[PDB]
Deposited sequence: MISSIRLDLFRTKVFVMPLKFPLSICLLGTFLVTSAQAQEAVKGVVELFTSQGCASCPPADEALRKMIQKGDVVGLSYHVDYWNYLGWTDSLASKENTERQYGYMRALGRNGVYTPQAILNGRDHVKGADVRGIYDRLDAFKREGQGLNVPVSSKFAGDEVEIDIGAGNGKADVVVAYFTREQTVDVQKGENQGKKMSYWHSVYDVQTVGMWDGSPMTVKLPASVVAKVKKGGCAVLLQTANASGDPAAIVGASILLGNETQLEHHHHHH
């Protein structure tokens, strides 16, 4: 292969948030490089009546709340990037995010558990490697690229649904998802997050991750 993925970057943003564009660009650049699992969660607290993006959801906002609690904070803001489900940083701080992810890796707090995903014809197969502890197998479904009327703006990896498909206990496992899931991934893609939780059950460190894009086109040079 080559160099393993550096980590997970979950950006909470909104088209109604004026200071978010810079962070949106940051994420787009990281997704283009493909060295991180990047996700964009549009929050609903920026909607009022006009500039209400059809990409936001209450569920996305609730996830940012889960992180707020787990991180011991007393509030939320946008743009906010959550790294490896372990810490937060300004969404536009590209240098900070990569330096943070590197710091995690150097401490063995990176993506230590192998996670693989692929289409098994009319089903989705998720392969998880061996490790220690317990974690949920979380799947975040997103559209690859979606344009919205401002003119027109483009957003990438906008999550529209998140679901837990099983539990990992340290043992290697394979989870098979039905055609209904295949159809959803085909709308863009999905990210598999092997995520632990704290005592309260809120989202915590992500110890493994993978992205499966709906487009399975193999690009080759001869």
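Coordinate gaps, deposited numbering: Deposited residues absent from the model fall in 1-37, 188-194, 267-270.
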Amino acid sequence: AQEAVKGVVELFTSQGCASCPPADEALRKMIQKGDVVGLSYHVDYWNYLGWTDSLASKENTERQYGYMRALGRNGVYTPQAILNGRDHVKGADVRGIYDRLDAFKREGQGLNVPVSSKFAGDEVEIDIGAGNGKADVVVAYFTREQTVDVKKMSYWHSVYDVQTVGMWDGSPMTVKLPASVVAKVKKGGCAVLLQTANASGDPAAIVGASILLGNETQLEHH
From here on, numbers count along this sequence of modelled residues.
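Highest mean C-alpha temperature factor of the two stretches 181-189 and 157-165, which is it? Comparing 157-165 with 181-189, the higher average CA B-factor belongs to 181-189.
Mean C-alpha B factor from the entry: is it higher for 47-55 or for 24-32? Higher mean C-alpha B-factor: 47-55.
Could you say which of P79, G85, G133, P114 has its CA atom at the highest B factor, as listed in the PDB entry? Comparing C-alpha B-factors across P79, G85, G133, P114, the maximum falls on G133.
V148 - which third its CA temperature factor falls in, relative to the rest of the chain: For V148, the deposited C-alpha B-factor lands in the highest third.
Lowest, middle or highest third of the chain for the C-alpha temperature factor of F119? Its C-alpha B-factor belongs to the highest third of this chain's values.
Among modelled residues of the same chain, the CA temperature factor third for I126: Middle third, going by the recorded CA B-factors of the chain.
By its CA B factor, does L71 count among the lowest, middle or highest third of the modelled residues in the chain? Ranked within chain, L71 CA B lands in the middle tercile.
Relative to the other modelled residues in the chain, which third contains the C-alpha temperature factor of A103: lowest, middle or highest? As the PDB entry reports it, the C-alpha B-factor of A103 lands in the middle third of its chain.
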